[PDB]
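Take a look at the letters that make up each chain.
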Amino acid sequence: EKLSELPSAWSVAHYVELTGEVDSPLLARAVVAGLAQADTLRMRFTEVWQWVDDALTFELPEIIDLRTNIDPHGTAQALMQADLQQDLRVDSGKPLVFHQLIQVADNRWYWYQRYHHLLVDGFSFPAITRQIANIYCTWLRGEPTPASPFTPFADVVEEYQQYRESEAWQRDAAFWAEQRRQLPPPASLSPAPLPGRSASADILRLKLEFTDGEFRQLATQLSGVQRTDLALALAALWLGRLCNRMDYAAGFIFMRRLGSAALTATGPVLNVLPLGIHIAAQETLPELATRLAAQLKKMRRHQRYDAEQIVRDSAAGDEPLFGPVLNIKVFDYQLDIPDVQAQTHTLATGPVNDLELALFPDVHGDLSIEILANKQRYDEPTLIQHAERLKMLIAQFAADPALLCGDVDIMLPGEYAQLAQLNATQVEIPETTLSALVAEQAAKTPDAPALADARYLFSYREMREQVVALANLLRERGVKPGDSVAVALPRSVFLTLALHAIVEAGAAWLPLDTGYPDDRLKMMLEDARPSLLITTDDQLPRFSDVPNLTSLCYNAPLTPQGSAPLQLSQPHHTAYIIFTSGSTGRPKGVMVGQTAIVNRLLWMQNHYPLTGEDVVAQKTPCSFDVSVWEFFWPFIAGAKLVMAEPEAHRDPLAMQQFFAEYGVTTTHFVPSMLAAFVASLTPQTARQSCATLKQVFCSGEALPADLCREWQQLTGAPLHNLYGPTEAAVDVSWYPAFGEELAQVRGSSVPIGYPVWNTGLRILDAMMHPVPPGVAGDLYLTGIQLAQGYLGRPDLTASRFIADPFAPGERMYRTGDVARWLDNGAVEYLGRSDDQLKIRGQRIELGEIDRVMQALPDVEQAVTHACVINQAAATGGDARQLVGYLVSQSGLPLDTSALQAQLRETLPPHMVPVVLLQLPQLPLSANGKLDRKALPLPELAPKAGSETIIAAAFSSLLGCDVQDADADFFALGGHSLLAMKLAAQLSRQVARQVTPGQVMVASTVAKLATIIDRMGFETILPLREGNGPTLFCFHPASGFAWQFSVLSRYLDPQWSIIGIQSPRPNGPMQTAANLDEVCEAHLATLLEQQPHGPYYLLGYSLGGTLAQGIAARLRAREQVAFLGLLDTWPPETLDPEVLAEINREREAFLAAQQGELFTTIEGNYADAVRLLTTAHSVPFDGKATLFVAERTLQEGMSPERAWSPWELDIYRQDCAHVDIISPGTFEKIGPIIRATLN
Amino acid sequence: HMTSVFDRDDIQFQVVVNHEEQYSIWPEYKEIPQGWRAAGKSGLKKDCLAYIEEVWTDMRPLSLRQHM
Ligand SMILES: *P(=O)(O)OCC(C)(C)[C@@H](O)C(=O)NCCC(=O)NCCS[C@@H](CS(=O)(=O)NC[C@H]1O[C@@H](n2cnc3c(N)ncnc32)[C@H](O)[C@@H]1O)[C@@H](N)CO
């Protein structure tokens, strides 16, 4: 009654080949007698109780005579296998031993033996065999039966109990406790995870003798080194180098019983004990062998301590202590029976967890090895390959015994050829710049659409005119070739134009994120020292403090003066400077040259060709280097680029409306944002928005394969995985994330793939040596696409840009990424070797945050930890949030709220911990290594009428019932991605439109309810502020000129659009009971816009009445070159149908806007009809332009005769009186108007 | 969990220079890569880096200096 779980059923089997004259019945009786002598062989288990039954009997072995068989040998093998394939019932009341005598020839015998693994092991069964043989020979000489040399089962448990209560038990237990305390984690030659206890008894055996004679030379050069310790050192270095690990836990075979007590024992003896191995790259082989020999020498004095006890005290798993296990022991199988040669063959030694490596140096000096591998984790040819690695491993030390363990090369000659093939990316590109490419493409297609947004639309010629103009302005402000220009601009056409102009003048652009605090921006500007800052008028008060900084406000187009390129840009000039978080001091800027980004864009244009039918989206903020291929790549292929709305990259719905609006064919996504985007998608929304997407790219994070298959099924649009740091000119490697290559991905992440043009990937180890496939190593980047370096920081540059040992004179960039290459040559991202994190695509150094937080007043130390605050907030993507843990130097409370608000003045918004927690003492554990699993998570009131639903939504998404208002959505576990779904939910639960940016700027119940529950409502509506002539649009019956918003796109970019309207509080439409008091009231605002010069006017409905009525009023004063009328009729045509028409105008005006105090609309329609019933018209001596809705009323005296007593030209489209102003009609009217205004 | 050598301050590096006079750090126990030469500085990591800080003044590559 000493056991609980029932032991396994695997057994140890073998057979002895006897070549000679054998008397089989006497040998069988000798088997029975020998088995009878040992009292431990008779043992059973009752269930559980493991105990010896002395009443068990043994039966004579079966004698099979296969000499008359067609294949005696193979049939004997089939017999022994037939017994071996069957599992052994452990609870049976019969002995667990089986012997069998097989005869394959007159003089040859196969003596099959099998035991349960709790009876004997690989060391102790030849004792039983040898005693049986001794009885056999003794009987063959006529002497009686020899006695039993085997120790009885009582004396061995007496001795073991002595050891259990001995003073050595506590000493050994303490020793192995200290050993497993400093024991490194296990390693494995198989990339697969370490399973622990294995069930498979079928293993792979491989015997290999090295006839190269290298080991004999290495051993004869190292005379004092014991050959066993030398071969063992070679094996340890071999394992560590193949796994790319200097510290790893292997296993070593010891013995629980020693001396005669081991030679007279039947039960298990061998004791596999944990062995920690530390490889030193500076040590020689004799030093490793010596230190390891002393290590084993210390371990041998405590080897009597059982290993299952080390597991017991520790234990729940699952991972075992050691994967591979090294065996230096030799088992003596030989036995001397007169005139017959005996050879013990092995059939079953039992399951192997991972890998057993046995080393046998012979007396001749050569070396043999025996490999026992798991058939599921390994295969034979790979074992041959690793054995070859060990072979050249030995040869190198044999040639040079002074070789360091760090300079040894374990890579085969063919793998160097593979790496030479994969990194052979040489493609000859021309010496050129971005400005030359853009100018070339513009020379190709001048009239093609290039740049566009909600207001402007430029062709390539117009765009190049604006770029050259702004470049000449920058040059007039003193921007010389080689300088830098900082940029703080909202997303519009003028951001793109700004960057192109900066490049055009031979300068580099420095994108600034206005969300950052002023201290960080001022630091950046002090480091970069730009010649000029391009911003808007409202952001200039922020930078009025910055010393020695010229500014410039660029919000409107300039007068075009030629499109010719300035030819000031050189390939050696810096193209863009992007600051990233530094792990040591202040943030560092990445200077990326022209030729690098030229290679990047030209490659992206070759590998992913774009045409004039393509439409590229501008979604990426300028502070991210991804945007670099959005600002330029479409302009080197003839494609079209379209600006998104500000902070629309955070709203998936806004991205849907944007894609659908412009018909985007090419865009980008961060895997987290991709998950948050497909979360908003239903198949019909996917076919209504994502139907135009032909190419989608993902970079910045490990790309999940499941997300890619989901995106493929929901859209079908080709997805591509790209990889690269900022210091490598955007992206370095590429890999298909759709279709066939996607279906073959076994891992959880899509590989980063193959290198781009003129770029090389090098996965080295800790010793700067290239690693074999499947092995993790540090990633390094080479080639033309590397950055020029860190701006003004030689130390960080020389630290991060190092020497390249495989490319003489060239440099090499240390990414800090851990990766490996697969069987197809594709590189797979695995992780990081530093504290750098990519949170939802954002590059964040934890060291910076730590330093800033421990720079706070009264802070002994502080630790940043990224973690999932609420596990119910993980719908896909990166749900991690930053949490700061502070301890006070005084022991006094820190007031974490003020400390966080103080952190907001130094660190970027996304680098500020959402939660700051104060701890009595920083939770260490063992050696003071800061246990991050001991770090506690942060715990998870008006609640008025409207915000109750907000609290309900919070409780829905966070899974935490929120009774208290004024609760931060982020501190409860929420993040950006979840805030998007929150915005959708509230948007369908509230009539008003809710955006995730409103959750960003105000994170609370009360604040969100406060905000939730543009240009202006004044007389002047600045639809588009240009420079040249101005087209005035008059308000319809609604009194608002909003509906002309979709006209500004079709007009020439130099034009201005100012709509006049009626702000009901003291507005012209209500203060006038005479419908000319308002036609003359608008002259007070129109003549104070442009007093002199010709006039260009446009009106709709009532606005058209107000158009002609002012037209003649100005013709009785300057001139009116253009007066457009949109289905406008004279007041002479209180009618019954016109009220239905006006009602349609009102209905369609307010129903086109889903959102109060806007009831003034309903007033301006009342005031409209009250004024419309009083007829007013003037013959209007001049001429005008008229657009007529064909599907309107009858009367063949239609405007041609109806407006005759008031020269005109008419255009006819099929629409109602309401649709004539709709965007669908402006798709034709717009071009007509512009062509008329030329 | 690699913990790269260049991130470790417990080891001693040395300053190496190419033909473009671009400076870099390199492990002392390793052979200086072809096309690179020692600038006369070794020892602790932060020490070598602080050396590079004052020695490396003109970030431009040598071949682009005469053209400037
Ligand atoms: P909330 O306020 O958190 O809102 C979340 C959203 C998504 C709205 C917000 O975070 C957002 O808009 N994010 C966009 C972030 C972004 O576009 N970042 C630039 C992408 S990375 C860039 C260079 S980098 O230095 O910044 N990052 C390099 C770094 O990233 C890892 N990496 C890149 N590519 C990888 C692949 N394919 N697999 C695995 N890891 C990858 C590397 O470790 C590398 O060191 C670009 N050069 C990337 O193309």
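Details of the overall build of chain B
Counting its secondary structure elements, chain B contains one helix and three strands. Reading the helices (α) and strands (β) of chain B from amino to carboxyl end gives β-β-β-α. With the principal axes as the frame, chain B shows a C-alpha extent of 45 × 25 × 25 Å.

Quick notes on the interface of chain B and chain A
Each partner contributes residues to the interface: chain B has 28 residues there, and chain A has 32 residues. Of all the secondary-structure elements, those providing two or more residues to the side of chain B that touches chain A are β2 (23-27) and α1 (45-55) of chain B. Residue contributions to the side of chain B that touches chain A peak at four residues, all from β2 of chain B. Of the residues belonging to the side of chain B that touches chain A, the class tally is 15 nonpolar, 10 polar and three charged.

Quick notes on the nonpolar core
Residues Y576 and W711 of chain A are the most contacted members of the largest nonpolar core, which totals 130 residues. With nine residues, helix α15 (residues 493-504) of chain A is the single largest residue contributor to this core. If sequence neighbours within four positions are ignored, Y576 of chain A has contacts with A508, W509, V590, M591, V592, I597, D625, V628, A729 and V730 of chain A. Core analysis: the second largest hydrophobic core is formed by 90 residues, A168 and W238 of chain A together with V15 and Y23 of chain B among them.

Thoughts on the UniProt feature "active site" in chain A
Residue and element names in this part refer to chain A. On the UniProt side, "active site" is annotated at positions that read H1217 here. Topologically, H1217 is positioned in the loop between β48 (1208-1213) and α38 (1223-1237). Not counting residues up to four positions away in its chain, the partners in contact with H1217 are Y1100, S1101, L1126, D1127, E1145, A1189 and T1192.

A short note on the sheet that holds strand β39 (residues 861-867) of chain A
All names here are of chain A. Pairing in this open sheet of three strands is mixed, and the strands run β39-β40-β41 from one edge to the other. Only two strands of the sheet have a single neighbouring strand rather than two, namely β39 and β41 (915-918). Across the sheet, the mean angle from the axis of one strand to that of its neighbour is 25 degrees, orientation sign disregarded. Inspection of the sheet shows strand β40 (residues 881-887) paired to β41 by four bridges, in the parallel sense. Paired with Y885 across the two strands is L917, which belongs to β41. Across the sheet, helix α26 (residues 846-853) lies against β39, β40 and β41, angled at about 145 degrees from β39, the strand it touches most.

Considering the side chain of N599 of chain A
Residue and element names in this part refer to chain A. Following the sequence through the fold, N599 ends up in helix α18 (residues 594-607). A polar contact of 3.3 Å, which involves the side chain of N599, links it to the side chain of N758. Those residues in contact with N599, other than ones at most four positions away along the chain, are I429, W757, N758, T759, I784 and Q785.

Comments concerning the site of the ligand
Residues and elements named next belong to chain A. Near the ligand there are 26 residues, and of these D731, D817, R840, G841 and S976 occur at the shortest range. Here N721 contributes a side-chain N or O atom positioned 3.2 Å from a nitrogen atom of the ligand. Note that an oxygen atom of the ligand is positioned 2.3 Å from one of the side-chain N or O atoms of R840. Counting only elements with at least two residues in the shell around the ligand, the list comes to β27 (719-723), β36 (827-832) and β38 (842-845). Of the residues contributing to the shell around the ligand, the split by class is nine nonpolar, eight polar and nine charged.

Here's the deal with the sheet that holds strand β3 (residues 37-44) of chain B
Residues and elements named next belong to chain B. Strand order in this open sheet of three strands is β2-β1-β3, and the pairing throughout is antiparallel. Of all strands in the sheet, those bounded by a partner on one side alone are β2 and β3. Averaged over neighbouring strand pairs, the angle between their axes works out to 30 degrees when direction is ignored. For strand β1 (residues 12-17) and β3, the ladder comprises five bridges, and the chain directions are antiparallel. Pairing of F13 across the sheet is with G43, part of β3.

Some points on the pairing of strand β4 (residues 62-65) of chain A
Side chains on a regular strand alternate between the two faces of the sheet. As paired strands, β4 of chain A and strand β5 (residues 98-103) of chain A are joined by four bridges and run parallel to one another. Counted as the bridge partner of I64 of chain A is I102 of chain A from β5 of chain A.

Reading the values: the criteria
- Residues numbered from 1 in each chain as written, not as in the entry; some residues may be left out.
- Chains lettered and ligands numbered in written order.
- Heavy atoms only, no water.
- Residues with missing side-chain atoms left out of burial classes, pairs and counts.
- Helix = DSSP H or I, 4+ residues; strand = E, 2+ residues; numbered from the N terminus.
- Contact = heavy atoms within 4.5 Å.
- Nonpolar A, V, L, I, M, F, W, Y, C, P; charged D, E, K, R; others polar.
- Core = buried A, V, L, I, M, F, W, Y, C linked by side-chain atoms within 4.5 Å.
- Buried < 20%, exposed > 50% of the residue type's maximum accessible area, 1.4 Å probe, protein only.
- UniProt positions renumbered as here; feature names shortened; annotations may be inferred.
- Pairing = 2+ DSSP bridges.
- Axes fitted to C-alpha atoms, helices over the stretch in contact; angles between N-to-C directions.
- Polar contact = N/O pair within 3.5 Å; in protein donor to acceptor, adjacent residues only side chain to side chain.
- Near = heavy atom within 4 Å.

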